[PDB]
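*Asks:* File follows, upload_24.cif with mmCIF, C-alpha atoms:
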data_my_file
#
loop_
_atom_site.label_atom_id
_atom_site.label_comp_id
_atom_site.auth_asym_id
_atom_site.auth_seq_id
_atom_site.Cartn_x
_atom_site.Cartn_y
_atom_site.Cartn_z
CA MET D 1 2.29 3.41 61.14
CA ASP D 2 1.65 5.56 58.18
CA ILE D 3 0.44 4.20 54.85
CA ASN D 4 3.28 4.69 52.26
CA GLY D 5 2.59 5.31 48.56
CA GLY D 6 4.43 6.64 45.61
CA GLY D 7 5.27 5.97 41.98
CA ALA D 8 4.04 7.80 38.88
CA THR D 9 5.09 11.43 38.66
CA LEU D 10 2.37 12.32 36.12
CA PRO D 11 -0.29 12.70 38.90
CA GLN D 12 2.00 13.40 41.85
CA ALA D 13 0.75 16.99 42.33
CA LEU D 14 -2.81 15.61 42.63
CA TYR D 15 -1.83 13.15 45.35
CA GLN D 16 0.18 15.93 47.04
CA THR D 17 -2.79 18.27 47.13
CA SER D 18 -3.93 18.72 50.74
CA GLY D 19 -6.79 16.47 51.64
CA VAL D 20 -6.69 14.18 48.57
CA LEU D 21 -5.03 11.39 50.54
CA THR D 22 -6.95 10.81 53.79
CA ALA D 23 -5.93 10.12 57.38
CA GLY D 24 -2.92 7.90 57.97
CA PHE D 25 -1.43 8.40 54.49
CA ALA D 26 2.15 9.65 54.24
CA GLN D 27 2.76 12.22 51.57
CA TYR D 28 3.04 10.66 48.09
CA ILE D 29 6.53 10.16 46.70
CA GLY D 30 6.99 10.64 42.92
CA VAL D 31 9.64 8.29 41.50
CA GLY D 32 8.15 6.98 38.21
CA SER D 33 5.71 4.20 37.49
CA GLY D 34 8.37 1.49 37.04
CA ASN D 35 9.75 2.30 40.48
CA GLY D 36 6.22 2.43 41.93
CA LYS D 37 5.28 -0.99 40.59
CA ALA D 38 8.56 -2.49 41.83
CA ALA D 39 8.10 -0.84 45.26
CA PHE D 40 4.67 -2.40 45.66
CA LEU D 41 5.29 -5.82 44.10
CA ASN D 42 8.46 -6.44 46.11
CA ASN D 43 7.53 -4.38 49.24
CA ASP D 44 10.75 -2.41 48.58
CA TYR D 45 10.65 1.07 50.13
CA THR D 46 14.06 1.92 48.71
CA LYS D 47 12.25 2.39 45.40
CA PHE D 48 10.52 5.35 47.07
CA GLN D 49 13.34 6.76 49.21
CA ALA D 50 16.83 5.54 48.27
CA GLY D 51 18.75 4.27 51.28
CA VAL D 52 15.61 3.92 53.51
CA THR D 53 14.58 0.37 54.52
CA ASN D 54 12.59 0.78 57.76
CA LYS D 55 9.13 1.26 56.18
CA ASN D 56 6.76 -0.92 54.12
CA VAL D 57 5.11 -0.01 50.83
CA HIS D 58 1.30 0.00 50.95
CA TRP D 59 0.25 1.31 47.51
CA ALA D 60 1.55 2.78 44.28
CA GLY D 61 0.50 5.19 41.58
CA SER D 62 1.22 3.99 38.06
CA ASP D 63 0.31 4.99 34.52
CA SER D 64 1.93 1.75 33.34
CA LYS D 65 -0.29 -1.35 33.52
CA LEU D 66 0.91 -4.33 35.51
CA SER D 67 2.36 -6.84 33.05
CA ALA D 68 1.39 -10.51 32.82
CA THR D 69 4.68 -11.41 34.49
CA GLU D 70 4.26 -8.84 37.27
CA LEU D 71 0.76 -10.14 37.99
CA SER D 72 1.68 -13.83 37.87
CA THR D 73 4.74 -13.40 40.06
CA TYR D 74 2.76 -11.48 42.69
CA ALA D 75 -0.05 -14.06 42.55
CA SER D 76 2.30 -16.94 43.22
CA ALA D 77 4.79 -15.30 45.64
CA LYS D 78 2.73 -12.75 47.61
CA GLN D 79 -1.01 -13.27 47.21
CA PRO D 80 -1.19 -16.36 49.45
CA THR D 81 -0.06 -14.36 52.48
CA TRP D 82 -0.83 -10.76 51.47
CA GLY D 83 -4.09 -11.15 49.50
CA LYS D 84 -5.01 -10.15 45.99
CA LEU D 85 -3.65 -6.92 44.60
CA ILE D 86 -6.09 -4.31 43.31
CA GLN D 87 -5.37 -2.24 40.20
CA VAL D 88 -7.92 0.52 39.43
CA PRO D 89 -8.07 3.70 37.36
CA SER D 90 -7.65 6.89 39.37
CA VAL D 91 -8.28 9.62 36.80
CA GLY D 92 -8.26 10.18 33.07
CA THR D 93 -5.52 12.26 31.48
CA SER D 94 -4.38 13.76 28.24
CA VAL D 95 -0.73 13.57 27.15
CA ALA D 96 0.51 17.06 26.27
CA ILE D 97 3.28 18.05 23.86
CA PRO D 98 5.09 21.06 25.42
CA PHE D 99 7.99 22.63 23.59
CA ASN D 100 10.51 25.42 23.96
CA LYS D 101 10.65 27.42 20.71
CA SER D 102 9.44 31.00 20.83
CA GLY D 103 7.08 32.63 18.34
CA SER D 104 3.56 34.02 18.23
CA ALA D 105 2.34 31.56 15.59
CA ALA D 106 0.40 28.61 17.03
CA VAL D 107 2.15 25.24 16.70
CA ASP D 108 -0.37 22.66 15.58
CA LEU D 109 0.87 19.16 14.82
CA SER D 110 -0.85 16.77 12.51
CA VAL D 111 -0.73 13.23 13.87
CA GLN D 112 1.68 12.32 11.10
CA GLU D 113 3.96 15.29 12.02
CA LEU D 114 3.90 14.13 15.63
CA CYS D 115 4.95 10.67 14.44
CA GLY D 116 7.72 12.17 12.35
CA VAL D 117 9.11 14.33 15.16
CA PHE D 118 9.28 11.40 17.56
CA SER D 119 10.76 9.04 14.94
CA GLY D 120 13.37 11.63 13.89
CA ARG D 121 12.03 11.87 10.34
CA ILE D 122 11.07 15.51 10.99
CA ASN D 123 14.05 17.18 12.73
CA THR D 124 13.57 20.88 11.93
CA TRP D 125 10.94 23.32 12.99
CA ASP D 126 10.50 24.15 9.20
CA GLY D 127 9.19 20.66 8.81
CA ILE D 128 6.14 21.38 10.96
CA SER D 129 3.75 23.11 8.60
CA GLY D 130 2.59 26.56 9.51
CA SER D 131 4.90 26.73 12.54
CA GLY D 132 6.51 30.11 11.86
CA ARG D 133 9.69 28.53 13.20
CA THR D 134 13.00 27.36 11.78
CA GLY D 135 15.98 25.47 13.05
CA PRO D 136 16.66 22.11 14.73
CA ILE D 137 14.26 20.08 16.82
CA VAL D 138 15.73 18.29 19.87
CA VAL D 139 13.51 15.58 21.42
CA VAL D 140 13.55 15.18 25.19
CA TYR D 141 12.35 11.84 26.55
CA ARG D 142 12.15 9.91 29.80
CA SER D 143 15.27 8.00 30.79
CA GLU D 144 13.48 5.57 33.08
CA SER D 145 10.48 3.25 33.11
CA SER D 146 7.61 5.71 32.72
CA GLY D 147 3.86 5.45 32.54
CA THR D 148 3.72 8.69 30.59
CA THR D 149 5.94 6.89 28.05
CA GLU D 150 3.49 3.95 28.04
CA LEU D 151 0.47 6.20 27.45
CA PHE D 152 2.27 8.09 24.69
CA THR D 153 3.73 5.05 22.92
CA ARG D 154 0.28 3.44 22.88
CA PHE D 155 -0.78 6.38 20.72
CA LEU D 156 2.30 6.25 18.47
CA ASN D 157 1.89 2.48 18.10
CA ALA D 158 -1.75 2.97 17.01
CA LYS D 159 -1.21 5.89 14.64
CA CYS D 160 2.34 5.99 13.25
CA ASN D 161 2.01 3.63 10.28
CA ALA D 162 4.19 5.54 7.79
CA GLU D 163 7.67 5.59 9.36
CA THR D 164 10.86 3.72 8.56
CA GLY D 165 10.18 1.44 11.45
CA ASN D 166 7.45 1.03 14.09
CA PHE D 167 6.81 2.25 17.63
CA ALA D 168 6.38 -0.43 20.24
CA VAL D 169 4.31 0.10 23.35
CA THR D 170 6.85 0.42 26.16
CA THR D 171 7.76 2.23 29.36
CA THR D 172 11.26 3.06 28.02
CA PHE D 173 11.03 5.50 25.15
CA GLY D 174 14.65 5.05 24.22
CA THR D 175 13.78 1.71 22.66
CA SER D 176 10.22 2.29 21.44
CA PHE D 177 10.98 3.10 17.81
CA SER D 178 12.54 0.17 15.87
CA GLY D 179 14.73 2.72 13.98
CA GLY D 180 16.25 4.26 17.09
CA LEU D 181 16.06 7.57 18.86
CA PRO D 182 16.33 10.78 16.89
CA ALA D 183 19.92 12.00 16.68
CA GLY D 184 20.64 14.39 19.54
CA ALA D 185 17.72 13.34 21.68
CA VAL D 186 18.12 14.19 25.37
CA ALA D 187 17.12 11.86 28.22
CA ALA D 188 15.88 13.17 31.57
CA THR D 189 14.33 11.68 34.69
CA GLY D 190 10.88 12.39 36.05
CA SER D 191 8.19 14.71 34.70
CA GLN D 192 9.88 17.68 36.34
CA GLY D 193 13.33 16.66 35.20
CA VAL D 194 12.10 16.56 31.59
CA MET D 195 10.54 20.02 31.95
CA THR D 196 13.84 21.35 33.31
CA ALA D 197 15.67 19.82 30.36
CA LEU D 198 13.14 21.21 27.91
CA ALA D 199 14.28 24.68 29.00
CA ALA D 200 18.04 23.86 28.95
CA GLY D 201 18.44 24.28 25.18
CA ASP D 202 16.42 25.91 22.39
CA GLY D 203 14.06 24.06 20.09
CA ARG D 204 13.20 21.18 22.43
CA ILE D 205 9.98 19.17 22.45
CA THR D 206 8.59 16.37 24.62
CA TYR D 207 5.54 14.44 25.81
CA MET D 208 4.24 15.24 29.28
CA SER D 209 1.68 15.08 32.03
CA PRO D 210 -0.83 17.93 31.45
CA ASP D 211 -0.25 19.00 35.07
CA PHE D 212 3.48 19.68 34.38
CA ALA D 213 3.30 20.71 30.73
CA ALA D 214 2.30 24.26 31.69
CA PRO D 215 2.59 26.21 34.91
CA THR D 216 -1.14 27.07 34.85
CA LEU D 217 -4.14 25.31 33.36
CA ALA D 218 -4.78 28.06 30.76
CA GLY D 219 -1.23 27.51 29.60
CA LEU D 220 -2.33 24.22 28.06
CA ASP D 221 -4.19 26.41 25.53
CA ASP D 222 -1.07 28.50 24.68
CA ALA D 223 0.01 27.01 21.35
CA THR D 224 3.25 28.97 21.49
CA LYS D 225 4.25 26.63 24.34
CA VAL D 226 2.02 23.50 24.20
CA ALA D 227 1.30 22.11 20.76
CA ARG D 228 -2.17 21.55 19.44
CA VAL D 229 -2.61 18.05 17.96
CA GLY D 230 -4.95 16.99 15.16
CA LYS D 231 -4.24 19.44 12.30
CA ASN D 232 -5.41 18.27 8.87
CA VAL D 233 -4.41 20.99 6.30
CA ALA D 234 -6.20 19.14 3.44
CA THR D 235 -9.45 19.52 5.37
CA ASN D 236 -8.75 22.89 6.80
CA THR D 237 -9.05 21.37 10.24
CA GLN D 238 -7.27 22.82 13.28
CA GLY D 239 -5.91 20.64 16.01
CA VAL D 240 -6.87 21.39 19.68
CA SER D 241 -5.15 21.63 22.97
CA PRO D 242 -4.56 18.95 25.65
CA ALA D 243 -6.81 20.73 28.16
CA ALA D 244 -8.83 18.23 30.17
CA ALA D 245 -12.08 19.51 28.65
CA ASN D 246 -10.84 18.23 25.25
CA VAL D 247 -10.47 14.65 26.49
CA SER D 248 -13.28 14.48 28.98
CA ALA D 249 -16.01 13.22 26.61
CA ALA D 250 -13.74 10.41 25.40
CA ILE D 251 -12.82 9.42 28.96
CA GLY D 252 -16.46 9.40 29.89
CA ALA D 253 -17.31 7.00 27.01
CA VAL D 254 -14.92 4.28 28.23
CA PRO D 255 -16.83 1.16 29.35
CA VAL D 256 -16.68 0.01 32.97
CA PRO D 257 -14.73 -3.21 33.52
CA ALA D 258 -16.56 -6.25 32.33
CA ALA D 259 -18.44 -7.88 35.22
CA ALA D 260 -17.27 -11.48 34.67
CA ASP D 261 -13.63 -10.33 34.48
CA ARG D 262 -13.49 -8.20 37.63
CA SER D 263 -11.32 -10.62 39.61
CA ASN D 264 -8.57 -9.99 37.04
CA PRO D 265 -6.70 -6.74 37.86
CA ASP D 266 -5.81 -6.34 34.21
CA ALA D 267 -9.48 -5.96 33.33
CA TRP D 268 -9.85 -2.79 35.40
CA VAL D 269 -7.43 -0.52 33.50
CA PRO D 270 -8.78 0.58 30.13
CA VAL D 271 -6.19 1.16 27.46
CA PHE D 272 -6.52 2.97 24.20
CA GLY D 273 -5.04 1.41 21.09
CA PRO D 274 -5.55 0.64 17.42
CA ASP D 275 -8.90 1.05 15.71
CA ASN D 276 -11.34 -1.88 15.42
CA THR D 277 -9.46 -3.96 17.87
CA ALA D 278 -11.48 -5.60 20.54
CA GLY D 279 -10.14 -5.09 24.05
CA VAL D 280 -8.76 -1.60 23.47
CA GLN D 281 -10.62 1.60 23.12
CA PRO D 282 -9.99 3.41 19.81
CA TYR D 283 -8.52 6.87 20.12
CA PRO D 284 -11.28 9.49 19.84
CA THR D 285 -12.14 11.01 16.52
CA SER D 286 -12.99 14.41 18.05
CA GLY D 287 -11.36 16.53 20.71
CA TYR D 288 -7.79 15.96 21.69
CA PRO D 289 -6.56 12.51 20.58
CA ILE D 290 -3.79 11.53 23.04
CA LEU D 291 -5.23 10.26 26.36
CA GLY D 292 -5.38 7.40 28.82
CA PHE D 293 -5.69 6.53 32.51
CA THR D 294 -3.41 6.74 35.50
CA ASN D 295 -4.01 4.06 38.11
CA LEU D 296 -3.70 2.99 41.71
CA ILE D 297 -2.26 -0.31 42.97
CA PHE D 298 -3.33 -1.45 46.46
CA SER D 299 -3.69 -4.68 48.43
CA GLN D 300 -7.10 -6.10 49.20
CA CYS D 301 -5.72 -7.06 52.61
CA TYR D 302 -3.51 -5.47 55.27
CA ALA D 303 -2.53 -7.36 58.39
CA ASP D 304 -3.18 -4.26 60.44
CA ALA D 305 -6.77 -3.30 61.11
CA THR D 306 -6.07 0.46 61.31
CA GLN D 307 -4.22 0.46 57.99
CA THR D 308 -7.11 -1.52 56.45
CA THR D 309 -9.68 1.02 57.68
CA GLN D 310 -7.47 3.90 56.50
CA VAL D 311 -7.23 2.44 52.99
CA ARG D 312 -10.99 1.91 52.87
CA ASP D 313 -11.55 5.53 53.93
CA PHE D 314 -9.34 6.71 51.06
CA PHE D 315 -11.35 4.67 48.54
CA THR D 316 -14.56 6.07 50.09
CA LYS D 317 -13.31 9.59 49.31
CA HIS D 318 -11.60 9.04 45.93
CA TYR D 319 -14.50 6.99 44.55
CA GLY D 320 -17.27 8.72 46.50
CA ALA D 321 -20.42 10.08 45.02
CA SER D 322 -20.06 13.01 47.42
CA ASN D 323 -17.26 14.54 49.40
CA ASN D 324 -14.79 13.31 46.82
CA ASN D 325 -11.57 14.46 45.17
CA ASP D 326 -13.07 15.56 41.84
CA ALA D 327 -12.40 19.30 42.27
CA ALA D 328 -8.75 18.59 43.03
CA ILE D 329 -8.63 16.22 40.04
CA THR D 330 -9.77 19.02 37.72
CA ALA D 331 -7.40 21.50 39.31
CA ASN D 332 -4.49 19.23 38.35
CA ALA D 333 -5.53 19.02 34.67
CA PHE D 334 -7.15 15.58 34.94
CA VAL D 335 -10.59 14.08 34.24
CA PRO D 336 -12.78 12.67 37.06
CA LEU D 337 -14.25 9.27 36.60
CA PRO D 338 -18.08 9.21 35.93
CA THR D 339 -20.61 8.18 38.49
CA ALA D 340 -20.99 4.69 36.99
CA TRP D 341 -17.29 4.11 37.10
CA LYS D 342 -17.03 5.21 40.72
CA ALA D 343 -20.03 3.02 41.62
CA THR D 344 -18.39 0.01 39.96
CA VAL D 345 -15.13 0.55 41.85
CA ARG D 346 -17.04 0.84 45.14
CA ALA D 347 -19.17 -2.25 44.43
CA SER D 348 -16.10 -4.45 44.04
CA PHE D 349 -13.53 -2.94 46.39
CA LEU D 350 -15.62 -1.41 49.23
CA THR D 351 -18.98 -3.22 49.53
CA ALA D 352 -18.30 -5.72 52.25
CA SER D 353 -19.93 -8.86 50.82
CA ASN D 354 -17.97 -8.61 47.56
CA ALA D 355 -15.20 -11.23 47.32
CA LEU D 356 -12.91 -8.41 46.18
CA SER D 357 -13.60 -5.90 48.98
CA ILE D 358 -10.76 -4.34 50.93
CA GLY D 359 -10.57 -5.85 54.40
CA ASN D 360 -13.24 -8.48 53.67
CA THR D 361 -13.42 -10.33 56.98
CA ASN D 362 -13.61 -13.75 55.32
CA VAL D 363 -11.23 -13.32 52.38
CA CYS D 364 -8.69 -11.32 54.37
CA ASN D 365 -8.93 -13.50 57.46
CA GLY D 366 -5.40 -13.84 58.79
CA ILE D 367 -3.72 -12.34 55.76
CA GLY D 368 -2.46 -9.06 54.41
CA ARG D 369 0.55 -6.95 53.77
CA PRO D 370 2.61 -6.81 56.98
CA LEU D 371 2.60 -4.05 59.68
CA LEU D 372 6.24 -4.30 60.73
CA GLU D 373 9.09 -4.14 58.19
CA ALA D 374 11.38 -7.18 58.27
CA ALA D 375 14.46 -7.63 56.03
#
I need this file expressed as structure tokens, please.

*Replies:*
Amino acid sequence: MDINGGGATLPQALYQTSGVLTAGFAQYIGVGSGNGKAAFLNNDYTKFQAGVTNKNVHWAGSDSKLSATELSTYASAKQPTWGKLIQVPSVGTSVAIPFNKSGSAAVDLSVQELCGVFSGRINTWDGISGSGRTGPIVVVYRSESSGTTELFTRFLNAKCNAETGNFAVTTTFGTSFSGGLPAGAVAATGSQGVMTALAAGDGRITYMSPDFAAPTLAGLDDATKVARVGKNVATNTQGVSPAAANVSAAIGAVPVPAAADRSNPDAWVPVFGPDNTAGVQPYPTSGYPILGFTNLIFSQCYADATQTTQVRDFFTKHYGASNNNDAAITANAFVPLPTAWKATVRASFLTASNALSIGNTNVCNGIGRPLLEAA
């Protein structure tokens, strides 16, 4: 009885790379982070495959953090019989800004231009300085509850202080900005669906997984297709590309989860946010500025012993010091976690004596998510 996961589309090509998921894992199903969280929290496989009810959900990928309500509801309704959920970072990621507007000149957005494009204040390619381009801008955004939206709106919320309105942190872009969507904005579903829409009319721009924002990794450095971010004309400063190398130092500087807080799943997912605000990492001053984590949601406990062992073997690979998934992570435009981070994940969720460890024979005694599906 295969282990079923799915959710976030941002990293789906990583989880679909041969060998990244270990024995017993079904192929990952990309449906969006909102759908992934709902699939896991409610054990609702229809959130993975519409119309299919004869399988259980064992894990999810999400780039949206579990909310206080999601966590409390699971704790009261499910944890007594299924065990604690586990929420852990998988990889670090940039958020790229691909666009469809030809021209040899490099497109390099200042942060304030980025803000203005996504608020609708800047609605022509003329309004991006040095762009070599003219004509209308059409914003494409995610129709559904998206972790890419969450990662991106965290940045807009932290940086966009000079609009006619404010950006809220959300999974639904269509309501992020208090002043509405830009006129003419186009909604699409999934990372891939947005990329298809980006190509379906001239002058379109979006926010996107770095794995989908260009067909090849080097394409992230093609500023005729993927905008640089961080221009400051006053200082004669160029922006840079969303290549993983331009966010890796910042990812690597993020503190491991605080020891005393490790029983709280919320404590495990670092988020970036406003400057000089405890609890959130400031966006980096160097390199590429728009980044965050994509995460995994598992149970500590599975009723079935084989499924439990299979989940542990995946963690042993994904968080291993050796024989790990880091090459595949890089190949999909993402940032591996550092040694210390991997060691911290293992210490809590693998090492047997830890109260948090998957399959702990005391904690998980008699409990766990169920083998058989029953409706």

*Asks:* So that I can see what lies close to stretch 103-117 of chain D, please list as a ChimeraX atom specification the residues with an atom at most 6 Å from it, counting all atoms listed in the file and leaving out residues fewer than 3 positions away in the same chain.

*Replies:* /D:120-122,131-132,160,223-224,227-231,239

*Asks:* Those residues with C-alpha atoms, as an mmCIF file, in the frame of the given file please?

*Replies:*
data_model
loop_
_atom_site.group_PDB
_atom_site.id
_atom_site.type_symbol
_atom_site.label_atom_id
_atom_site.label_comp_id
_atom_site.auth_asym_id
_atom_site.auth_seq_id
_atom_site.Cartn_x
_atom_site.Cartn_y
_atom_site.Cartn_z
ATOM 1 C CA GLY D 120 13.370 11.630 13.890
ATOM 2 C CA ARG D 121 12.030 11.870 10.340
ATOM 3 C CA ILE D 122 11.070 15.510 10.990
ATOM 4 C CA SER D 131 4.900 26.730 12.540
ATOM 5 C CA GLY D 132 6.510 30.110 11.860
ATOM 6 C CA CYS D 160 2.340 5.990 13.250
ATOM 7 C CA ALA D 223 0.010 27.010 21.350
ATOM 8 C CA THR D 224 3.250 28.970 21.490
ATOM 9 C CA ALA D 227 1.300 22.110 20.760
ATOM 10 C CA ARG D 228 -2.170 21.550 19.440
ATOM 11 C CA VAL D 229 -2.610 18.050 17.960
ATOM 12 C CA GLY D 230 -4.950 16.990 15.160
ATOM 13 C CA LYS D 231 -4.240 19.440 12.300
ATOM 14 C CA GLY D 239 -5.910 20.640 16.010
#

*Asks:* Show me a table, sorted first by chain and then by increasing residue number, of the residues of stretch 17-110 of chain D having an atom at most 8 Å from stretch 3-9 of chain D, each with its shortest atom pair and the distance in Å to one decimal, counting only C-alpha atoms and written as a tab-separated table.

*Replies:*
residue	atom	partner	partner_atom	distance
D:24	CA	D:3	CA	5.9
D:25	CA	D:3	CA	4.6
D:26	CA	D:4	CA	5.5
D:27	CA	D:5	CA	7.5
D:28	CA	D:6	CA	4.9
D:29	CA	D:6	CA	4.2
D:30	CA	D:9	CA	4.7
D:31	CA	D:7	CA	5.0
D:32	CA	D:8	CA	4.2
D:33	CA	D:8	CA	4.2
D:34	CA	D:7	CA	7.4
D:35	CA	D:7	CA	6.0
D:36	CA	D:7	CA	3.7
D:37	CA	D:7	CA	7.1
D:48	CA	D:6	CA	6.4
D:55	CA	D:4	CA	7.8
D:56	CA	D:4	CA	6.9
D:57	CA	D:4	CA	5.2
D:58	CA	D:4	CA	5.3
D:59	CA	D:5	CA	4.8
D:60	CA	D:6	CA	5.0
D:61	CA	D:7	CA	4.8
D:62	CA	D:8	CA	4.8
D:63	CA	D:8	CA	6.4

*Asks:* Give me the stretch 274-308 of chain D side of the contact with stretch 85-102 of chain D, cut-off 8 Å, one line per residue showing its nearest atom pair and distance in Å at one decimal, counting all atoms listed in the file, sorted by chain and residue number, as JSON lines.

*Replies:*
{"residue": "D:288", "atom": "CA", "partner": "D:94", "partner_atom": "CA", "distance": 7.7}
{"residue": "D:290", "atom": "CA", "partner": "D:95", "partner_atom": "CA", "distance": 5.5}
{"residue": "D:291", "atom": "CA", "partner": "D:94", "partner_atom": "CA", "distance": 4.1}
{"residue": "D:292", "atom": "CA", "partner": "D:93", "partner_atom": "CA", "distance": 5.5}
{"residue": "D:293", "atom": "CA", "partner": "D:92", "partner_atom": "CA", "distance": 4.5}
{"residue": "D:294", "atom": "CA", "partner": "D:90", "partner_atom": "CA", "distance": 5.7}
{"residue": "D:295", "atom": "CA", "partner": "D:89", "partner_atom": "CA", "distance": 4.1}
{"residue": "D:296", "atom": "CA", "partner": "D:88", "partner_atom": "CA", "distance": 5.4}
{"residue": "D:297", "atom": "CA", "partner": "D:87", "partner_atom": "CA", "distance": 4.6}
{"residue": "D:298", "atom": "CA", "partner": "D:86", "partner_atom": "CA", "distance": 5.1}
{"residue": "D:299", "atom": "CA", "partner": "D:85", "partner_atom": "CA", "distance": 4.4}
{"residue": "D:300", "atom": "CA", "partner": "D:85", "partner_atom": "CA", "distance": 5.8}

*Asks:* For residue D:189, which residue out of D:277, D:175, D:153, D:145 is the nearest one, using all atoms listed in the file?

*Replies:*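 Looking at the shortest contact to residue D:189, the residue is D:145.
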
*Asks:* Atom CA of residue D:184 to atom CA of residue D:203: how many Å, to one decimal?

*Replies:*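 Atom CA of residue D:203 lies at a distance of 11.7 Å from atom CA of residue D:184.
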
*Asks:* Taking the file above as input, evaluate the PyMOL selection byres ((chain D and resi 143) around 9) and report the hits as a ChimeraX atom specification.

*Replies:* /D:141-142,144-146,172-174,186-190

*Asks:* For the file shown, what are the residues hit by the PyMOL selection byres ((chain D and resi 312) around 12), laid out as a ChimeraX atom specification?

*Replies:* /D:3,21-25,298-302,305-311,313-320,345-346,349-352,357-360

*Asks:* Give me the residues near residue D:329 as an NGL selection string, where near means some atom within 10 Å (using only C-alpha atoms) and where sequence neighbours in that chain fewer than 4 positions away do not count.

*Replies:* :D and (11 or 13-15 or 17 or 20 or 90-93 or 318 or 324-325 or 333-337)

*Asks:* Let me see the file: selected residues, C-alpha atoms, as an mmCIF file, keeping the file's coordinate frame.

*Replies:*
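Contents of result-v5.cif, freshly written:
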data_model
loop_
_atom_site.group_PDB
_atom_site.id
_atom_site.type_symbol
_atom_site.label_atom_id
_atom_site.label_comp_id
_atom_site.auth_asym_id
_atom_site.auth_seq_id
_atom_site.Cartn_x
_atom_site.Cartn_y
_atom_site.Cartn_z
ATOM 1 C CA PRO D 11 -0.290 12.700 38.900
ATOM 2 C CA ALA D 13 0.750 16.990 42.330
ATOM 3 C CA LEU D 14 -2.810 15.610 42.630
ATOM 4 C CA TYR D 15 -1.830 13.150 45.350
ATOM 5 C CA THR D 17 -2.790 18.270 47.130
ATOM 6 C CA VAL D 20 -6.690 14.180 48.570
ATOM 7 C CA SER D 90 -7.650 6.890 39.370
ATOM 8 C CA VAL D 91 -8.280 9.620 36.800
ATOM 9 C CA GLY D 92 -8.260 10.180 33.070
ATOM 10 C CA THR D 93 -5.520 12.260 31.480
ATOM 11 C CA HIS D 318 -11.600 9.040 45.930
ATOM 12 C CA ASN D 324 -14.790 13.310 46.820
ATOM 13 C CA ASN D 325 -11.570 14.460 45.170
ATOM 14 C CA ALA D 333 -5.530 19.020 34.670
ATOM 15 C CA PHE D 334 -7.150 15.580 34.940
ATOM 16 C CA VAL D 335 -10.590 14.080 34.240
ATOM 17 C CA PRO D 336 -12.780 12.670 37.060
ATOM 18 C CA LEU D 337 -14.250 9.270 36.600
#

*Asks:* Evaluated on this file, the PyMOL selection byres ((chain D and resi 54) around 9) picks out some residues - which ones are they, written as a ChimeraX atom specification?

*Replies:* /D:45,52-53,55-56,372-375

*Asks:* Could you rebuild stretch 260-272 of chain D with N, CA and C atoms and give it back as a short mmCIF file (atom, residue, chain, number, x, y, z; two decimals), in the frame of the given file?

*Replies:*
data_model
loop_
_atom_site.label_atom_id
_atom_site.label_comp_id
_atom_site.auth_asym_id
_atom_site.auth_seq_id
_atom_site.Cartn_x
_atom_site.Cartn_y
_atom_site.Cartn_z
N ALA D 260 -17.78 -10.19 34.52
CA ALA D 260 -17.27 -11.48 34.67
C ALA D 260 -15.72 -11.54 34.83
N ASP D 261 -15.06 -10.44 34.49
CA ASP D 261 -13.63 -10.33 34.48
C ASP D 261 -13.07 -9.56 35.66
N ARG D 262 -13.92 -9.13 36.60
CA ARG D 262 -13.49 -8.20 37.63
C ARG D 262 -12.50 -8.78 38.63
N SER D 263 -12.37 -10.10 38.76
CA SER D 263 -11.32 -10.62 39.61
C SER D 263 -9.92 -10.54 38.99
N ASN D 264 -9.84 -10.15 37.72
CA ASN D 264 -8.57 -9.99 37.04
C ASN D 264 -8.17 -8.53 37.10
N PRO D 265 -7.09 -8.16 37.81
CA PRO D 265 -6.70 -6.74 37.86
C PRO D 265 -6.48 -6.13 36.52
N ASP D 266 -6.03 -6.89 35.52
CA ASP D 266 -5.81 -6.34 34.21
C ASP D 266 -7.06 -5.76 33.58
N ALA D 267 -8.22 -6.37 33.93
CA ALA D 267 -9.48 -5.96 33.33
C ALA D 267 -9.94 -4.60 33.76
N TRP D 268 -9.40 -4.05 34.83
CA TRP D 268 -9.85 -2.79 35.40
C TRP D 268 -9.26 -1.56 34.75
N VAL D 269 -8.11 -1.68 34.09
CA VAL D 269 -7.43 -0.52 33.50
C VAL D 269 -7.73 -0.49 32.00
N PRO D 270 -8.56 0.47 31.57
CA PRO D 270 -8.78 0.58 30.13
C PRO D 270 -7.54 1.11 29.45
N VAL D 271 -7.26 0.62 28.27
CA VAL D 271 -6.19 1.16 27.46
C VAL D 271 -6.78 1.51 26.12
N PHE D 272 -6.25 2.59 25.55
CA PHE D 272 -6.52 2.97 24.20
C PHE D 272 -5.53 2.26 23.28
#
